[PDB]
Amino acid sequence: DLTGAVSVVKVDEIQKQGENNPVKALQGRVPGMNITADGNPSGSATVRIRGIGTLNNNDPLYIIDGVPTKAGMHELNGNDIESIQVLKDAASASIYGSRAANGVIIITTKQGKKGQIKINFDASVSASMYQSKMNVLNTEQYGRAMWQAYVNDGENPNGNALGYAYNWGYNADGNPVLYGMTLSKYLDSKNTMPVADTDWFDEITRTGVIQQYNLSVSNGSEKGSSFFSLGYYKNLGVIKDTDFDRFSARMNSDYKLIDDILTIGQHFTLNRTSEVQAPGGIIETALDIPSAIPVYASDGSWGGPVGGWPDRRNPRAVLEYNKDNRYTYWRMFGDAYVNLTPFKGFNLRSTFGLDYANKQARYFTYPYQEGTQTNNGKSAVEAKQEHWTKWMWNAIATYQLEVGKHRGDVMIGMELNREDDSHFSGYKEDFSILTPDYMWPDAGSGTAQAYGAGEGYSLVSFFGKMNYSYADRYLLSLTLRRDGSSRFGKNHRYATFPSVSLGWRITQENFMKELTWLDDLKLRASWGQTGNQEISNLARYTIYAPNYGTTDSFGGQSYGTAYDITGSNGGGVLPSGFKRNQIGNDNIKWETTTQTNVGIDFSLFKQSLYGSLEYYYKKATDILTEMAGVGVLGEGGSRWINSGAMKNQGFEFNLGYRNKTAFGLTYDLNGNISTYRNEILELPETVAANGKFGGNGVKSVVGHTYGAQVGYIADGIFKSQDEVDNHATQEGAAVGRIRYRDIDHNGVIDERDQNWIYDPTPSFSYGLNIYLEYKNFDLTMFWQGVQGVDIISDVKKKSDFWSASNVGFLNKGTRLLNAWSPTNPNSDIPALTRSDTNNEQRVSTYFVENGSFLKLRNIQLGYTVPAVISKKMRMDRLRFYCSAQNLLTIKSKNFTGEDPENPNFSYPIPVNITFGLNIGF
Amino acid sequence: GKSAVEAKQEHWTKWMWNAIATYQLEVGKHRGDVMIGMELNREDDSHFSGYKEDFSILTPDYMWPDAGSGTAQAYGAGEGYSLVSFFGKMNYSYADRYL
Amino acid sequence: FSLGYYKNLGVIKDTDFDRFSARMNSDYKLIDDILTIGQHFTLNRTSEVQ
Amino acid sequence: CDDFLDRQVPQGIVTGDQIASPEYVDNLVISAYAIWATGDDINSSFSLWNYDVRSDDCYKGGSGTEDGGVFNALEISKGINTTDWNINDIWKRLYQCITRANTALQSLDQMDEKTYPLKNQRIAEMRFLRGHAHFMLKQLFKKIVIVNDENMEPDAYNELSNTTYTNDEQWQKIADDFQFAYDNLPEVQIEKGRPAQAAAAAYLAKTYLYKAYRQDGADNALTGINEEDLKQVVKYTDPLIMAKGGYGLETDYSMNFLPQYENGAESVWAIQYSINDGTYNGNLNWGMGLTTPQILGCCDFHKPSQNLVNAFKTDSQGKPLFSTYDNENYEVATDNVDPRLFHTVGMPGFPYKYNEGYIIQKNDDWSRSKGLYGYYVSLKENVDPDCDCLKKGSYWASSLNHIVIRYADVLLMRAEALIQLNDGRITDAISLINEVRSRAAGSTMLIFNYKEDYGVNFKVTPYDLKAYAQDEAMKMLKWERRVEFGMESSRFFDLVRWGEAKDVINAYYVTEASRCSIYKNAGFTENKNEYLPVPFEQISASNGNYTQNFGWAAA
Ligand SMILES: OC[C@H]1O[C@@](CO)(OC[C@H]2O[C@@](CO)(OC[C@H]3O[C@@](CO)(OC[C@H]4O[C@@](CO[C@]5(CO)O[C@H](CO)[C@@H](O)[C@@H]5O)(OC[C@H]5O[C@@](CO)(OC[C@H]6O[C@](O)(CO)[C@@H](O)[C@@H]6O)[C@@H](O)[C@@H]5O)[C@@H](O)[C@@H]4O)[C@@H](O)[C@@H]3O)[C@@H](O)[C@@H]2O)[C@@H](O)[C@@H]1O
Ligand SMILES: OC[C@H]1O[C@@](CO)(OC[C@@]2(OC[C@H]3O[C@@](CO)(OC[C@H]4O[C@](O)(CO)[C@@H](O)[C@@H]4O)[C@@H](O)[C@@H]3O)O[C@H](CO)[C@@H](O)[C@@H]2O)[C@@H](O)[C@@H]1O
Ligand SMILES: CCCCCCCCOCCOCCOCCOCCO
Ligand SMILES: [Cl-]
Ligand SMILES: [Mg+2]
Ligand SMILES: [Mg+2]
């Protein structure tokens, strides 16, 4: 669309990040499009376009070669993409589908230009290194902090029933001082577990290796065209025993018959990926386990806590036991189309899309036994299978005309969609040989379970779109859809979504021609609506499930319907029944997102200064909300209601300067910046008290930002008994403890003294791509910043306290070595205690930090061997290069951790340093 | 009154790889193909299935393993083989009348 | 490039078979017909009640 | 256009309309029992032990005061917030059990009795369950919502209130449920998980016994002891009703807490935990999964207090040391003791659930607190480590039944209501207390040789049948309830029936600070801490329809 808000991505920049997932290589490149990703080797990522659209699903929609799919991108071969445009407003998005409410991304893959036969072999290798690693007490440091904690509370530090003994006394002033410290050699009496100074993060990390190869080949005839690529990725993540890889093939082709009036074409890609994923919570386990626990126990078993040591698993052993939990994923994606043009301007076209993946995996349960961390002797295997089969069908009629100065596209069409999913798995316990070779369900001698279910939905869509241009200077555009979904009853099946966009090519009107210095200026405005139906396939219904209770729980609460009504104690099948999962709602309808947008493109000084501004107001109404039930309603009282509304408004700015220089240096900058506000407008009563989208179940998020949080205000530290007795009554308050603010001024510090203390929305984010060519060399940098963001740190709970955790004696951050005491009175860090008397675990400003950052996302330096040398080996282009991703991080002095982009326990974001090449005949 | 369902899955994954070197010549009346080459083959199979007894509604819509109230069984195993091959083939024709 | 469909309801009741088929083959002659790349590939989905 | 968007339909479920069919009526009934086994978790055991840490019987245990911080707050009466996750949790879970009762009743109401002859016994079963939950919510929160309209629409739940009824008539609406159950249940249940009519009587009685100590004022103090209510406790613990069902005290105390002896004569109604039964790891008592000692790796919760330990001390004639018991620790060599101590509290140097091969010590190997919470283990819910009944899922749990009403409870509840109705039947209530006390004195099977191997001096004797004053008789029943029901999570609930909570527990806080240092800053605030606050999120969603309990600020 020339009338909508459309960010057009320079695809040649993408391949310079060596990223597997291309979407991950747009991180920061598009204003309005926030792309988030941890460091896991898939390169899987999360996209949010223009704030937070709705209260169910905010993921965008891809149209790859005219086929809609809502998820993957790291599952396909990023390397055979030709073009990517991101459609941000509703006028441009809507015509592409009924799932457009969160923006849409149009991807077209490479074809073959006519009369041309090229080939392209790109290849690359990288080392991947853990960078921002968290500083964590060592065995000696552990013993110092412990003595401090004991002593502050005034207990005998020799009473730590771990291995420590302390030689300590009192200085002249009377405060306690530690002189020397001895450690036992074994953590248990029976000497099965030696004392270590293990650095656990070093132990579970490794130098990753990335590989990448891609071949592509194309051919162009007057009568047709054809394309063929093969690709491979492989990435051993920096966390040990985690890896990812992908094999890719793509064939596209088209055929022009009769008189280029019957046209047949096909796009198709085939992919096989496979991965072993990092377990849930290894980073936290690595943070948690004390240095004193050795990797290996006396006998060569895995090391583990014993005696008084905390209830924490051995993180190396976890990763090793999970190394064969590999899934294998085959996805087939493509379409075939026919195009008829029965006379000038008239086109009929019909496309059938197919999107089909299947995922296989055995997940193994080996028996573990790290000290007191035991599993009994359980061994099991689960063979799991899943299929996702989506197909799409549409027919399209379009007319074009050009009357002197009038222009005009019309198009009406129809589209059908259908997904059908199935999944099932067989589970078996008890194996004699504990290897993946033996551990198949046929070979278990214990109990079995079988699992699985299906589901699906269908969509129907009728649409038309009308473009008009007057004299190539005034443009009007009109979109209109009627959209039905199987997820609603007949009485609300369909919904109708119009869109209107206007465009005013200012400069082509004569009274601007008196300006040599501005080549185009175009003001555009748009209004339009998009439906949203992205909800549970079962959303309409009252759901009873048999749920006999065959399934792993945690600490009980399986909520099963089986019961030994007879009192036999079991041994055989019990009688069972049904339990409510969900209350239905006869009158769920389409949720509606309405967007108004205005913006201006511009080009100055002979195409050298270009860019565009964007302003939008984006509102979601009748929002489809999974709404909790009132408490007394009980089991499965939730229901999907249209009940809720949310705004997003903001500005988006692209600006690129390009020009060469008279000593041989081309330089091309294009940066971008954007900002937005998000507000929840209305919300069901029970979701407001819920906290589900906001204020912690103490205040209602209505009127604040999605995910805003409420808490106590920490006002420094009581530094003198004076300051406690003069403060409001605060349970557990003493010298060295956090002073919490008395917000209501009632003279008591209690649950009423909390306030809006957290907002996830930045003041603004921005990106910037510097490019230089000089003497066959080239240099790229990409910088990305987010400015003004609050983060909530849960590491700070582990770094700044001895007892802000559920369990005593865990490993702690290295900052608490600086904790306030009489000894050391120049500190923000609360004094070490052994009991959270003051409940400094309560949500509070203490954990909100400034998570602003600027990151050198990428820097690449290339040499391309000059033509005359290379052409003589028959190579249009030969280029070597070398690059590094996420090389450098600038952050706030007030951020106390390592990665402000990944402040807690997600898969660390490594620094990559890469070498590679480009050959093309 | 037995009712049960078995969800069954099987995969067969075979791949082949070869490299081939061939020479041709035509000397007046002599003809002659030569060819040497190498070939690798590998199949890997897997299959598994979950079995569940006892259903309250007796249709394919209901009869998924999650919804049974009776005994379960799990089945499956894998297997495979590989082949290596080295070969050459030599054609000769004399005067287009003796081969 | 081909697309194909079969469907056959056997003479014994409640027994049937069908097949969907696609095939793409292609080749490319580069340099001087001295570097040649090619591909054959067929994709099929069948289903049956026996 | 139309046929296309209807083809795919919900897989693997029964839909709302379908569920009402008669073919599913007994499915719903079973499902309403199941949730008492499958609806609690390690912090919400429907035994309510996690909340009897408020009592003088026990400490919360665990790693330390943060191991379930909200329950330490409960244990010391300080820093409880109405926003606390446990308080919400248990409120929510108990009303979930209520759902399954009412859903079954909604189905059962429409059934035709000519063709479903047990229609009213099933209906009674469900109404028994519904009373069970309401009863426990009433103990926990005082000001509860009464949810007993099984045909009530979802939306009508939004306009309910926890003050629709006065406190007394809240109690009566519970009594109504257990009454109908009495009128309708059969005398005997061949399927032992189903309550028999005596169970309905016993719970009926228990409901009037809690109703009779009235709090009809605006706070929580006693406003007089009603004797129409007390006279019901008599009616419905009549030994003639109990004999029609065959209930009575086991010939040895330990049987109520042993896997081999489930569903005995004393087990009036129990939760039927089971093993080897088709479920992932079994329908085990996961709710007690925290209270296994360190011998199993985790987690050492629910540890008894030295207070309770010393309570089993007896004078030289085998009677409680009413005034002196807590002035010196129980000492094996020189003190006379009640056999029930060794069925309740596993103590250092002594066997863990009667197994000479597991002797408890003040060790890493038994307690987790480095001494903070002591070195005692809760015996009633744990089992022999060798037991067939014991499995580890995510926690260690067994299939040992949780008994909601022991028949000892029925005798001591009768004893109580008689003593409170000063009406000449006190020498009967004494003779009830001696039924329990004499049974207990002889419960030395499985610990018969503790005299010669460890030195214990068992000495317990019944009270002489005199014409006791009502004040003195009360303290003899109370003392029997201390030793008989120790660690069974009704001790603190007793004190709030008696209006004695602040006195006895604030006192406990000072006597026990010496042994468990957590009670240092503990303080019970009367007309406040006798009941958990109604959960904040619950009030806040009600839109003013719910009312908070007395003593708590307008939040
Ligand atoms: O801040 C309050 C906040 O917490 C929530 C959510 O956790 O609580 C409500 C909700 O939580 C549950 C269960 O999820 O109870 C949690 C609660 O239970 C307590 C007592 O109240 O006791 C827990 C005890 O269990 C242990 C056992 O750990 C075991 C031993 O077998 O060892 C391994 C490793 O820990 C476990 O897999 C085994 O079960 O702890 C379990 C407990 O510990 C936590 C701490 O984060 O998990 C440790 C994990 O974190 C890692 O660091 C990274 O994943 C790993 O090392 C490890 O897997 C917590 O997540 C687990 O629940 C033992 O330590 C304890 O003695 C409390 O200690 C605990 O807080 C429900 O019952 C309850 O309803 C929120 O809703 C609320 O806002
Ligand atoms: O019908 C299943 C339903 O479950 C989801 C998540 O609720 O995925 C199931 C499952 O897959 C997740 C992993 O698989 C990968 C591999 O490509 O991605 C699959 C797609 O799922 C997304 O998350 C949806 O956007 C998307 O990222 C992928 O296209 C990995 O990236 C994922 O980690 O999740 C389970 C683990 O939690 C696992 O057992 C399943 O395979 C939905 O995606 C799906 O609709
Ligand atoms: C070049 C790719 C073109 C793909 C379109 C042609 C189809 C080739 O085989 C795909 C078959 O899948 C069709 C959808 O599946 C039909 C199943 O529906 C009946 C059972 O639910
Ligand atoms: Cl329904
Ligand atoms: Mg205040
Ligand atoms: Mg049992």
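Residues numbered from 1 in each chain as written, not as in the entry; some residues may be left out. Chains lettered and ligands numbered in written order. Part of a larger assembly, values for the part shown. Heavy atoms only, no water.

In the PDB archive, X-ray crystallography is given as the structure determination method for this entry, at a resolution of 2.690 Å.

## Observations regarding the coordination of the magnesium ion (ligand 5)
Residue and element names in this part refer to chain A. We count it as follows: The rule for donors is simple: an N, O or S atom within 2.8 Å of the metal counts, and for Na, K and Ca the reach is 3.2 Å. Water is not among the atoms, so a site may look short of donors. Geometry is assigned from donor-metal-donor angles: four donors are tetrahedral when every angle falls between 85 and 135 degrees, four are square planar and six octahedral when opposite donors sit over 155 degrees apart with all other angles between 65 and 115, and any other arrangement is irregular. Strands are runs of DSSP state E lasting at least two residues, helices are runs of H or I lasting at least four, and both sets are numbered from the N terminus onward. Under the scheme applied here, a residue whose accessible area is under 20% of the maximum for its type counts as buried, over 50% as exposed, and between as partly exposed, the area being computed with a 1.4 Å probe on protein chains only.
Listed as protein donors to the magnesium ion (ligand 5) are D742 (OD), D744 (OD), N746 (OD1), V748 (O), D753 (OD) and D753 (OD); their distances from the metal cover 1.9 to 2.4 Å. Each of the six donor atoms around the magnesium ion (ligand 5) contributes to a set of angles spanning 53 to 163 degrees, which defines the coordination as irregular. Taken in chain order, the donor set of the magnesium ion (ligand 5) reads D-x1-D-x1-N-x1-V-x4-D. Here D742, found in the loop between β36 (738-740) and β37 (748-749), pairs with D753, found in the loop between β37 and β38 (754-758); they are 11 residues apart in sequence, far enough to count as distant. Assessed through its relative accessible area of 0%, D753 is described here as buried.

## Some thoughts on the interface of chain D and chain A
Heads up, the condition is: Between two residues, a contact is recorded if the distance between any of their heavy atoms is within 4.5 Å. Throughout, the accessible surface (probe 1.4 Å) given up by two parts as they are put together, summed over both, is called the buried area. Salt bridge, as applied in this entry: a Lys or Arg side-chain nitrogen positioned within 4 Å of an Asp or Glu carboxyl oxygen. Strand pairing is defined by DSSP finding a minimum of two bridges between the two strands.
Across the contact, 94 residues belong to chain D and 97 residues belong to chain A. Of all residues in chain D, the largest losses of buried area upon contact with chain A belong to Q8, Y280 and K370 of chain D, amounting jointly to 11% of the total for that side. Counting the contacts that link chain D with chain A gives three salt bridges. A salt bridge links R100 of chain D to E635 of chain A; the shortest N-O distance between them is 2.6 Å. Secondary structure elements with two or more residues in the side of chain D that touches chain A: β1 (14-15), α1 (25-38), α4 (85-109), β3 (267-271), β11 (390-392) and α18 (536-542) of chain D. A per-element tally of the side of chain D that touches chain A places α1 of chain D first, with nine residues. With two bridges joining them, strand β25 (residues 543-545) of chain A and β1 of chain D adopt antiparallel strand pairing. Among the inter-strand pairings, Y544 of chain A is bridged to a residue of β1 of chain D, identified as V14 of chain D.

## Here we look at the environment of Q557 of chain A
Where we set the bar: Whenever a nitrogen or oxygen atom comes within 3.5 Å of another N or O atom, the pair is scored as a polar contact, on the condition that within protein one atom can donate a hydrogen and the other can accept it, and that pairs from neighbouring residues in sequence are kept only if both atoms are in side chains.
In this structure, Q557 of chain A sits in the loop between β25 and β26 (579-582). Owing to a relative accessible area of 30%, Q557 of chain A belongs among the partly exposed residues under this scheme. Measuring from C-alpha to C-alpha, the distance between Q557 of chain A and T365 of chain A comes to 22 Å, with 192 residues separating the pair along the chain. Ignoring anything within four residues of it in the chain, the contact list for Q557 of chain A reads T38, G39, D40, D41 and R93 of chain D. For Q557 of chain A, the side chain forms a polar contact with the side chain of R93 of chain D, separated by 2.5 Å.

## Overview of the arrangement of the chains
The interface with the highest contact count, out of four pairs of chains in contact, is the one between chains A and D. Kept free of each other, chain B and chain C leave a smallest C-alpha distance of 13 Å between them. In this view chain C stays clear of chain D, with the nearest C-alpha atoms of the two still 19 Å from each other.

## Concerning the UniProt feature "binding site: Mg(2+) 2" (unreviewed entry) in chain A
Rules: UniProt positions are given in the numbering used here, feature names are shortened, and annotations may be inferred rather than shown by experiment.
In this numbering, the UniProt entry assigns the feature "binding site: Mg(2+) 2" (unreviewed entry) to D742, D744, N746, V748, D750 and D753 of chain A. When you line up the elements, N746 of chain A lands in the loop between β36 and β37. Discounting chain neighbours no more than four positions away, the residues touching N746 of chain A are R752 and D753 of chain A. By the element assignment, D750 of chain A lies in the loop between β37 and β38. Not counting residues within four places of it along the chain, the set of residues in contact with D750 of chain A comprises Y712 and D744 of chain A together with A553 of chain D.

## Some points on unusual backbone geometry
Residue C299 of chain D follows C298 of chain D across a cis peptide bond; omega there is 5 degrees. Phi is positive for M73 of chain A, close to 75 degrees, though the residue is something other than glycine. One can find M73 of chain A in the loop between β5 (67-69) and β6 (81-87). Note on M73 of chain A: relative accessible area 4%, which makes it buried. Of note in this structure, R874 of chain A is not a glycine but carries a positive phi near 60 degrees.

## A short note on the pairing of strand β27 (residues 591-604) of chain A
Residue and element names in this part refer to chain A. Within β27, 10 of the 14 residues are buried, leaving the element largely enclosed by the surrounding structure. Bridge analysis of strand β24 (residues 518-532) against β27 gives 14 bridges, and the strand direction is antiparallel. Note that in β27 the partner of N532 across the bridge is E591. Relative to strand β28 (residues 609-621), β27 runs antiparallel, the two being bridged by 13 bridges. When the bridges of β28 are listed, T593 appears paired with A620. Turn length for the β27-β28 hairpin, with the two strands adjacent in sequence and antiparallel, is four residues, and the turn residue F605 shows positive phi of about 35 degrees.

## Digging into the interface of chain D and chain B
Applicable threshold: In this classification, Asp, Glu, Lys and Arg are treated as charged, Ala, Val, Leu, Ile, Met, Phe, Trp, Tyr, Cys and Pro as nonpolar, and every other residue, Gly included, as polar.
Contacts between the two partners involve eight residues from chain D, matched on the other side by seven residues from chain B. Summing the contributions of chain D and of chain B, the shared interface buries around 560 Å²; its carbon and sulfur component is 51%. Looking only at chain D, the three residues that lose the most surface to chain B are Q11, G12 and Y24 of chain D, adding up to 63% of its buried area. Inspection of the region where chain D meets chain B yields zero salt bridges. Counting across the interface, chain D meets chain B through one residue pair in polar contact. Partitioned by chemical class, the residues of the side of chain D that touches chain B number five nonpolar, three polar and no charged.

## Some words on the state of the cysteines
All names here are of chain D. Here is the rule: Throughout, disulfides are identified as pairs of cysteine sulfur atoms within 2.5 Å of each other.
By the definition in use, this model includes two disulfides over all chains. Across a sulfur-sulfur distance of 2.1 Å, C298 and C299 are joined as a disulfide pair. Disulfide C298-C299: the torsion about the S-S bond is 95 degrees, which places it as right-handed. What makes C299 buried here is its relative accessible area of 3%. Two residues share a disulfide in this structure: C387 and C389, whose sulfurs sit 2.1 Å from each other. The chirality of the disulfide connecting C387 with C389 is right-handed, given an S-S dihedral of about 125 degrees. Accessibility expressed as a relative area gives 15% for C387, which makes it buried. Judged by relative accessible area, which is 1%, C389 ranks as buried.

## Describing the sheet that holds strand β3 (residues 35-49) of chain C
Residue and element names in this part refer to chain C. The condition is simple: Note on geometry: axes are C-alpha line fits, over the in-contact stretch for helices, and angles between N-to-C directions span 0 to 180 degrees.
Strand order in the open sheet formed by three strands is β1-β2-β3, and the pairing between neighbours is antiparallel. Unpaired on one side and paired on the other, β1 (2-9) and β3 mark the two borders of the sheet. Taken pair by pair, the neighbouring strands of this sheet meet at an average axis angle of 10 degrees, ignoring direction. Relative to β3, strand β2 (residues 16-30) is paired through 15 bridges, and the arrangement is antiparallel. Within the sheet, the bridge partner assigned to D27 lies in β3 and is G38.

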